[PDB]
file upload_0.txt (compact mmCIF, C-alpha atoms and all ligand atoms)
# COMPACT_ATOMS: atom_id res chain seq x y z
CA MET A 1 3.99 -15.36 -0.93
CA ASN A 2 0.94 -13.22 -1.85
CA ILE A 3 -0.36 -9.70 -1.46
CA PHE A 4 -1.62 -10.17 2.04
CA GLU A 5 1.69 -11.50 3.26
CA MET A 6 3.61 -8.88 1.41
CA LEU A 7 1.66 -6.01 2.96
CA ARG A 8 1.65 -7.61 6.38
CA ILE A 9 5.38 -7.56 6.11
CA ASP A 10 5.55 -3.95 4.91
CA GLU A 11 3.00 -2.46 7.33
CA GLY A 12 3.36 -4.68 10.41
CA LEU A 13 0.40 -5.11 12.95
CA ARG A 14 -0.45 -2.72 15.80
CA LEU A 15 -3.47 -3.17 17.89
CA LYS A 16 -3.36 0.25 19.47
CA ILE A 17 -3.64 3.52 17.63
CA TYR A 18 -0.25 4.75 16.41
CA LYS A 19 1.35 7.46 14.14
CA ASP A 20 2.57 6.33 10.75
CA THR A 21 5.82 7.56 9.00
CA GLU A 22 3.97 10.82 8.15
CA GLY A 23 2.78 11.24 11.75
CA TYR A 24 -0.84 10.26 10.96
CA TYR A 25 -3.13 8.25 13.11
CA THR A 26 -3.31 4.67 12.00
CA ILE A 27 -4.17 1.27 13.40
CA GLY A 28 -3.84 -2.43 12.64
CA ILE A 29 -2.21 -3.30 9.33
CA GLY A 30 -1.60 0.08 8.02
CA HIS A 31 -5.13 1.30 8.21
CA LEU A 32 -5.07 5.08 8.07
CA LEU A 33 -7.61 6.62 10.25
CA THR A 34 -7.30 10.28 9.63
CA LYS A 35 -4.93 13.04 8.70
CA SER A 36 -6.16 15.02 11.60
CA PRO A 37 -3.80 15.79 14.43
CA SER A 38 -6.60 15.07 16.88
CA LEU A 39 -6.48 11.85 18.74
CA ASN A 40 -10.12 12.14 19.55
CA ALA A 41 -10.90 12.53 16.06
CA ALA A 42 -8.92 9.42 15.41
CA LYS A 43 -10.68 7.55 18.14
CA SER A 44 -13.86 8.65 16.63
CA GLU A 45 -13.03 7.38 13.21
CA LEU A 46 -11.91 4.14 14.72
CA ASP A 47 -15.19 3.43 16.50
CA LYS A 48 -17.11 4.22 13.45
CA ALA A 49 -14.94 1.85 11.36
CA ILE A 50 -15.23 -0.96 13.86
CA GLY A 51 -18.73 -0.47 14.96
CA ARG A 52 -18.15 -0.29 18.67
CA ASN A 53 -16.68 1.86 21.41
CA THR A 54 -13.00 0.85 21.15
CA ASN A 55 -11.15 3.34 23.24
CA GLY A 56 -8.36 3.10 20.61
CA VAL A 57 -7.74 -0.54 20.91
CA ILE A 58 -8.90 -3.43 18.62
CA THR A 59 -8.39 -7.17 18.46
CA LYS A 60 -6.37 -9.13 15.90
CA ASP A 61 -9.55 -10.24 14.17
CA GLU A 62 -10.81 -6.65 13.93
CA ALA A 63 -7.48 -5.56 12.40
CA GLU A 64 -7.59 -8.37 9.83
CA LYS A 65 -11.09 -7.44 8.98
CA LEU A 66 -10.00 -3.91 8.22
CA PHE A 67 -7.06 -5.30 6.22
CA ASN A 68 -9.33 -7.47 4.08
CA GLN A 69 -11.43 -4.52 3.35
CA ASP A 70 -8.50 -2.30 2.52
CA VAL A 71 -6.99 -4.84 0.12
CA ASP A 72 -10.31 -5.32 -1.60
CA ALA A 73 -10.91 -1.60 -1.95
CA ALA A 74 -7.42 -1.12 -3.50
CA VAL A 75 -7.96 -3.82 -6.06
CA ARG A 76 -11.33 -2.46 -6.89
CA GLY A 77 -9.89 1.02 -7.01
CA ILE A 78 -7.25 0.00 -9.58
CA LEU A 79 -9.88 -1.68 -11.74
CA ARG A 80 -12.01 1.34 -11.81
CA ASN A 81 -9.24 3.85 -12.60
CA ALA A 82 -8.69 4.67 -16.28
CA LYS A 83 -5.00 5.18 -15.84
CA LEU A 84 -4.37 2.20 -13.65
CA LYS A 85 -6.45 -0.53 -15.09
CA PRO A 86 -4.61 -0.84 -18.28
CA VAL A 87 -1.33 -1.08 -16.49
CA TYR A 88 -2.58 -3.69 -14.11
CA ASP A 89 -4.06 -5.68 -16.94
CA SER A 90 -0.81 -5.77 -18.70
CA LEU A 91 1.19 -7.18 -15.88
CA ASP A 92 2.02 -10.65 -14.52
CA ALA A 93 0.81 -11.86 -11.08
CA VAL A 94 3.78 -10.80 -9.05
CA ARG A 95 4.05 -7.38 -10.47
CA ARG A 96 0.29 -6.92 -9.97
CA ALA A 97 0.92 -7.33 -6.28
CA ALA A 98 3.56 -4.60 -6.43
CA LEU A 99 1.02 -2.25 -7.95
CA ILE A 100 -1.52 -3.11 -5.37
CA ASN A 101 1.00 -2.40 -2.63
CA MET A 102 1.65 1.04 -3.86
CA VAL A 103 -1.99 1.86 -4.22
CA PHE A 104 -2.72 0.63 -0.70
CA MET A 105 -0.07 2.92 0.64
CA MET A 106 -0.63 5.98 -1.39
CA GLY A 107 -4.02 5.89 -2.86
CA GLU A 108 -5.06 5.53 -6.38
CA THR A 109 -4.67 9.20 -7.07
CA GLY A 110 -1.17 9.15 -5.76
CA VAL A 111 -0.17 6.25 -7.95
CA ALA A 112 -1.87 7.57 -11.00
CA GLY A 113 0.65 10.49 -10.80
CA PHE A 114 3.57 8.27 -11.69
CA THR A 115 2.75 8.64 -15.24
CA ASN A 116 6.18 8.05 -16.61
CA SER A 117 6.72 4.99 -14.52
CA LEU A 118 3.37 3.63 -15.40
CA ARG A 119 4.09 3.95 -19.02
CA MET A 120 7.36 2.17 -18.61
CA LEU A 121 5.81 -0.64 -16.67
CA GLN A 122 3.24 -1.00 -19.38
CA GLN A 123 6.07 -1.31 -21.92
CA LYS A 124 7.86 -3.96 -19.81
CA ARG A 125 10.94 -1.70 -19.60
CA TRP A 126 11.84 -3.08 -16.09
CA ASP A 127 15.06 -1.42 -15.40
CA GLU A 128 13.96 1.92 -16.70
CA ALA A 129 10.82 1.84 -14.63
CA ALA A 130 12.80 0.96 -11.52
CA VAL A 131 15.02 3.94 -11.99
CA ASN A 132 12.13 6.29 -12.60
CA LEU A 133 10.18 5.06 -9.61
CA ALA A 134 13.21 5.85 -7.45
CA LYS A 135 13.10 9.53 -8.38
CA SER A 136 10.26 10.25 -5.99
CA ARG A 137 9.46 11.59 -2.71
CA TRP A 138 8.04 8.14 -1.98
CA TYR A 139 11.46 6.55 -2.33
CA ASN A 140 13.31 9.29 -0.46
CA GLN A 141 11.00 9.17 2.53
CA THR A 142 10.61 5.36 2.80
CA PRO A 143 13.57 3.94 0.98
CA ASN A 144 13.47 0.44 2.47
CA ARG A 145 9.94 -0.25 1.64
CA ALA A 146 10.21 1.57 -1.70
CA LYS A 147 13.25 -0.58 -2.60
CA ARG A 148 11.35 -3.77 -1.93
CA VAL A 149 8.43 -2.79 -4.09
CA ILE A 150 10.75 -1.56 -6.85
CA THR A 151 12.75 -4.77 -6.83
CA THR A 152 9.52 -6.62 -7.19
CA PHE A 153 8.65 -4.57 -10.29
CA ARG A 154 12.17 -4.99 -11.62
CA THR A 155 12.38 -8.73 -11.25
CA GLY A 156 8.88 -10.09 -11.28
CA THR A 157 9.95 -12.35 -8.27
CA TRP A 158 9.38 -12.22 -4.42
CA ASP A 159 13.09 -12.11 -3.67
CA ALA A 160 12.93 -8.76 -1.87
CA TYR A 161 10.58 -10.37 0.48
CA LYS A 162 12.36 -13.60 1.26
CL CL A 201 10.80 2.18 4.44
call {"tool": "encode", "arguments": {"input": "upload_0.txt", "output": "structure tokens"}}
result
Amino acid sequence: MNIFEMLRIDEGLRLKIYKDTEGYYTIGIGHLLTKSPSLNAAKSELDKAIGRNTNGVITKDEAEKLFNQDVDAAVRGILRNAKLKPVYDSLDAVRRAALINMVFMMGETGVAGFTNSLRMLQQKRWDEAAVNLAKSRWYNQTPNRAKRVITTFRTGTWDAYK
């Protein structure tokens, strides 16, 4: 298992524009297009992202291209953030993936707000971190996914995903 597989599992693949859990326009493997309620606006963002007139539909290759970009940007985002980098640096390979997952989903800013959790992860206080991460809107709104990521942080294994 690896980060790509993990997120493919968590986000699924949709080749037509759809609304995510928050009701926002998205496509492919969890690629958010816009927070705007306008479908046209979404269609617009899509064409710009893909480079062609899509009419709201893309191919598997186009979706994976977006995915590659999105994973790369998240890693790079972590590495550039003062609050995140040190945490990431301190962790093992599996747990790093967990951190990437969260950032992909919520943005670096969002993740940087889990100060307490971050500190706990940095101290390798697994169980405490897991409990703290659960006290969040994130967990309450998307419990299944949140549980998998949390288990990953708690155990340092891919069990949640097998
Ligand atoms: Cl979920």
call {"tool": "residues_around", "arguments": {"input": "upload_0.txt", "residues": "residue 68 in chain A", "least_positions_apart": "2", "cutoff": "12 Å", "atoms": "all atoms listed in the file", "output": "list in words"}}
result
residues 3, 4, 5, 7, 8, 28, 29, 30, 31, 61, 62, 63, 64, 65, 66, 70, 71, 72, 73, 74, 75 and 104 of chain A
call {"tool": "write_last_selection", "arguments": {"input": "upload_0.txt", "atoms": "C-alpha atoms", "output": "mmCIF file, keeping the file's coordinate frame"}}
result
data_model
loop_
_atom_site.group_PDB
_atom_site.id
_atom_site.type_symbol
_atom_site.label_atom_id
_atom_site.label_comp_id
_atom_site.auth_asym_id
_atom_site.auth_seq_id
_atom_site.Cartn_x
_atom_site.Cartn_y
_atom_site.Cartn_z
ATOM 1 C CA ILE A 3 -0.360 -9.700 -1.460
ATOM 2 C CA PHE A 4 -1.620 -10.170 2.040
ATOM 3 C CA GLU A 5 1.690 -11.500 3.260
ATOM 4 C CA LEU A 7 1.660 -6.010 2.960
ATOM 5 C CA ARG A 8 1.650 -7.610 6.380
ATOM 6 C CA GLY A 28 -3.840 -2.430 12.640
ATOM 7 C CA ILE A 29 -2.210 -3.300 9.330
ATOM 8 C CA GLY A 30 -1.600 0.080 8.020
ATOM 9 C CA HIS A 31 -5.130 1.300 8.210
ATOM 10 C CA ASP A 61 -9.550 -10.240 14.170
ATOM 11 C CA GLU A 62 -10.810 -6.650 13.930
ATOM 12 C CA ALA A 63 -7.480 -5.560 12.400
ATOM 13 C CA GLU A 64 -7.590 -8.370 9.830
ATOM 14 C CA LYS A 65 -11.090 -7.440 8.980
ATOM 15 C CA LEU A 66 -10.000 -3.910 8.220
ATOM 16 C CA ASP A 70 -8.500 -2.300 2.520
ATOM 17 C CA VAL A 71 -6.990 -4.840 0.120
ATOM 18 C CA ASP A 72 -10.310 -5.320 -1.600
ATOM 19 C CA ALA A 73 -10.910 -1.600 -1.950
ATOM 20 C CA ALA A 74 -7.420 -1.120 -3.500
ATOM 21 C CA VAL A 75 -7.960 -3.820 -6.060
ATOM 22 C CA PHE A 104 -2.720 0.630 -0.700
#
call {"tool": "atom_distance", "arguments": {"input": "upload_0.txt", "atom1": "CA of residue 2 in chain A", "atom2": "CA of residue 153 in chain A"}}
result
14.3 Å
call {"tool": "residues_around", "arguments": {"input": "upload_0.txt", "residues": "residue 116 in chain A", "least_positions_apart": "2", "cutoff": "9 Å", "atoms": "all atoms listed in the file", "output": "ChimeraX atom specification"}}
result
/A:113-114,118-121,129,132-133
call {"tool": "write_last_selection", "arguments": {"input": "upload_0.txt", "atoms": "C-alpha atoms", "output": "PDB file, in the frame of the given file"}}
result
ATOM      1  CA  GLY A 113       0.650  10.490 -10.800  1.00  0.00           C
ATOM      2  CA  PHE A 114       3.570   8.270 -11.690  1.00  0.00           C
ATOM      3  CA  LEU A 118       3.370   3.630 -15.400  1.00  0.00           C
ATOM      4  CA  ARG A 119       4.090   3.950 -19.020  1.00  0.00           C
ATOM      5  CA  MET A 120       7.360   2.170 -18.610  1.00  0.00           C
ATOM      6  CA  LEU A 121       5.810  -0.640 -16.670  1.00  0.00           C
ATOM      7  CA  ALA A 129      10.820   1.840 -14.630  1.00  0.00           C
ATOM      8  CA  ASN A 132      12.130   6.290 -12.600  1.00  0.00           C
ATOM      9  CA  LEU A 133      10.180   5.060  -9.610  1.00  0.00           C
TER      10      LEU A 133
END
call {"tool": "residues_near_ligand", "arguments": {"input": "upload_0.txt", "ligand": "ligand CL 201 (chain A)", "cutoff": "10 Å", "atoms": "all atoms listed in the file", "output": "MDAnalysis selection string"}}
result
chainID A and resid 10:11 21 138:148
call {"tool": "write_last_selection", "arguments": {"input": "upload_0.txt", "atoms": "C-alpha atoms", "output": "mmCIF file, in the frame of the given file"}}
result
data_model
loop_
_atom_site.group_PDB
_atom_site.id
_atom_site.type_symbol
_atom_site.label_atom_id
_atom_site.label_comp_id
_atom_site.auth_asym_id
_atom_site.auth_seq_id
_atom_site.Cartn_x
_atom_site.Cartn_y
_atom_site.Cartn_z
ATOM 1 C CA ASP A 10 5.550 -3.950 4.910
ATOM 2 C CA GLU A 11 3.000 -2.460 7.330
ATOM 3 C CA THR A 21 5.820 7.560 9.000
ATOM 4 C CA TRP A 138 8.040 8.140 -1.980
ATOM 5 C CA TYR A 139 11.460 6.550 -2.330
ATOM 6 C CA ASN A 140 13.310 9.290 -0.460
ATOM 7 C CA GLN A 141 11.000 9.170 2.530
ATOM 8 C CA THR A 142 10.610 5.360 2.800
ATOM 9 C CA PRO A 143 13.570 3.940 0.980
ATOM 10 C CA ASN A 144 13.470 0.440 2.470
ATOM 11 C CA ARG A 145 9.940 -0.250 1.640
ATOM 12 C CA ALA A 146 10.210 1.570 -1.700
ATOM 13 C CA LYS A 147 13.250 -0.580 -2.600
ATOM 14 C CA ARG A 148 11.350 -3.770 -1.930
#
call {"tool": "axis_aligned_box", "arguments": {"input": "upload_0.txt", "around": "range 82-98 of chain A", "padding_each_side": "3 Å", "output": "lines of an AutoDock Vina configuration file"}}
result
center_x = -2.3
center_y = -3.3
center_z = -12.5
size_x = 18.7
size_y = 23.0
size_z = 18.4
call {"tool": "closest_residue", "arguments": {"input": "upload_0.txt", "among": "A:17, A:78, A:98, A:9", "to": "residue 47 in chain A", "atoms": "only C-alpha atoms"}}
result
A:17
call {"tool": "closest_residue", "arguments": {"input": "upload_0.txt", "among": "A:39, A:79, A:161, A:154", "to": "residue 19 in chain A", "atoms": "only C-alpha atoms"}}
result
A:39
call {"tool": "atom_distance", "arguments": {"input": "upload_0.txt", "atom1": "CA of residue 102 in chain A", "atom2": "CA of residue 149 in chain A"}}
result
7.8 Å
call {"tool": "atom_distance", "arguments": {"input": "upload_0.txt", "atom1": "CA of residue 123 in chain A", "atom2": "CA of residue 90 in chain A"}}
result
8.8 Å
call {"tool": "residues_near_point", "arguments": {"input": "upload_0.txt", "point": "(-1.3, 6.8, 8.7)", "cutoff": "10 Å", "atoms": "all atoms listed in the file", "output": "VMD selection string"}}
result
chain A and resid 17 to 27 30 to 36 105
call {"tool": "residues_near_point", "arguments": {"input": "upload_0.txt", "point": "(1.4, -12.7, -7.3)", "cutoff": "10 Å", "atoms": "all atoms listed in the file", "output": "MDAnalysis selection string"}}
result
chainID A and resid 1:3 6 92:98 156:158
call {"tool": "closest_residue", "arguments": {"input": "upload_0.txt", "among": "A:152, A:38, A:115, A:53", "to": "residue 100 in chain A", "atoms": "only C-alpha atoms"}}
result
A:152
call {"tool": "residues_around", "arguments": {"input": "upload_0.txt", "residues": "residue 55 in chain A", "least_positions_apart": "2", "cutoff": "12 Å", "atoms": "all atoms listed in the file", "output": "VMD selection string"}}
result
chain A and resid 15 to 17 39 to 48 50 to 53 57 to 59
call {"tool": "build_atoms", "arguments": {"input": "upload_0.txt", "residues": "range 110-121 of chain A", "atoms": "N, CA, C and O atoms", "output": "PDB file, keeping the file's coordinate frame"}}
result
ATOM      1  N   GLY A 110      -2.599   9.010  -5.878  1.00  0.00           N
ATOM      2  CA  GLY A 110      -1.170   9.150  -5.760  1.00  0.00           C
ATOM      3  C   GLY A 110      -0.445   8.335  -6.843  1.00  0.00           C
ATOM      4  O   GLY A 110       0.469   8.785  -7.506  1.00  0.00           O
ATOM      5  N   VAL A 111      -0.840   7.090  -6.993  1.00  0.00           N
ATOM      6  CA  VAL A 111      -0.170   6.250  -7.950  1.00  0.00           C
ATOM      7  C   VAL A 111      -0.414   6.683  -9.385  1.00  0.00           C
ATOM      8  O   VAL A 111       0.470   6.621 -10.233  1.00  0.00           O
ATOM      9  N   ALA A 112      -1.611   7.161  -9.638  1.00  0.00           N
ATOM     10  CA  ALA A 112      -1.870   7.570 -11.000  1.00  0.00           C
ATOM     11  C   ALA A 112      -0.945   8.747 -11.450  1.00  0.00           C
ATOM     12  O   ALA A 112      -0.715   9.051 -12.638  1.00  0.00           O
ATOM     13  N   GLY A 113      -0.308   9.416 -10.472  1.00  0.00           N
ATOM     14  CA  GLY A 113       0.650  10.490 -10.800  1.00  0.00           C
ATOM     15  C   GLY A 113       2.070  10.047 -11.259  1.00  0.00           C
ATOM     16  O   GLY A 113       2.979  10.826 -11.574  1.00  0.00           O
ATOM     17  N   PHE A 114       2.292   8.762 -11.261  1.00  0.00           N
ATOM     18  CA  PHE A 114       3.570   8.270 -11.690  1.00  0.00           C
ATOM     19  C   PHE A 114       3.432   7.874 -13.116  1.00  0.00           C
ATOM     20  O   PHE A 114       3.787   6.766 -13.578  1.00  0.00           O
ATOM     21  N   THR A 115       2.967   8.844 -13.828  1.00  0.00           N
ATOM     22  CA  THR A 115       2.750   8.640 -15.240  1.00  0.00           C
ATOM     23  C   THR A 115       3.845   7.994 -16.037  1.00  0.00           C
ATOM     24  O   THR A 115       3.627   7.083 -16.827  1.00  0.00           O
ATOM     25  N   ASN A 116       5.038   8.560 -15.890  1.00  0.00           N
ATOM     26  CA  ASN A 116       6.180   8.050 -16.610  1.00  0.00           C
ATOM     27  C   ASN A 116       6.488   6.593 -16.287  1.00  0.00           C
ATOM     28  O   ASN A 116       6.763   5.759 -17.187  1.00  0.00           O
ATOM     29  N   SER A 117       6.444   6.320 -15.016  1.00  0.00           N
ATOM     30  CA  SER A 117       6.720   4.990 -14.520  1.00  0.00           C
ATOM     31  C   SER A 117       5.705   4.012 -15.041  1.00  0.00           C
ATOM     32  O   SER A 117       6.037   2.892 -15.431  1.00  0.00           O
ATOM     33  N   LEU A 118       4.473   4.453 -14.955  1.00  0.00           N
ATOM     34  CA  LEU A 118       3.370   3.630 -15.400  1.00  0.00           C
ATOM     35  C   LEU A 118       3.534   3.258 -16.848  1.00  0.00           C
ATOM     36  O   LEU A 118       3.351   2.128 -17.269  1.00  0.00           O
ATOM     37  N   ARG A 119       3.922   4.231 -17.621  1.00  0.00           N
ATOM     38  CA  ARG A 119       4.090   3.950 -19.020  1.00  0.00           C
ATOM     39  C   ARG A 119       5.194   2.892 -19.270  1.00  0.00           C
ATOM     40  O   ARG A 119       5.129   1.968 -20.124  1.00  0.00           O
ATOM     41  N   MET A 120       6.259   3.046 -18.469  1.00  0.00           N
ATOM     42  CA  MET A 120       7.360   2.170 -18.610  1.00  0.00           C
ATOM     43  C   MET A 120       6.978   0.757 -18.171  1.00  0.00           C
ATOM     44  O   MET A 120       7.413  -0.260 -18.757  1.00  0.00           O
ATOM     45  N   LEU A 121       6.226   0.703 -17.091  1.00  0.00           N
ATOM     46  CA  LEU A 121       5.810  -0.640 -16.670  1.00  0.00           C
ATOM     47  C   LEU A 121       4.944  -1.298 -17.795  1.00  0.00           C
ATOM     48  O   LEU A 121       5.015  -2.498 -18.079  1.00  0.00           O
TER      49      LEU A 121
END
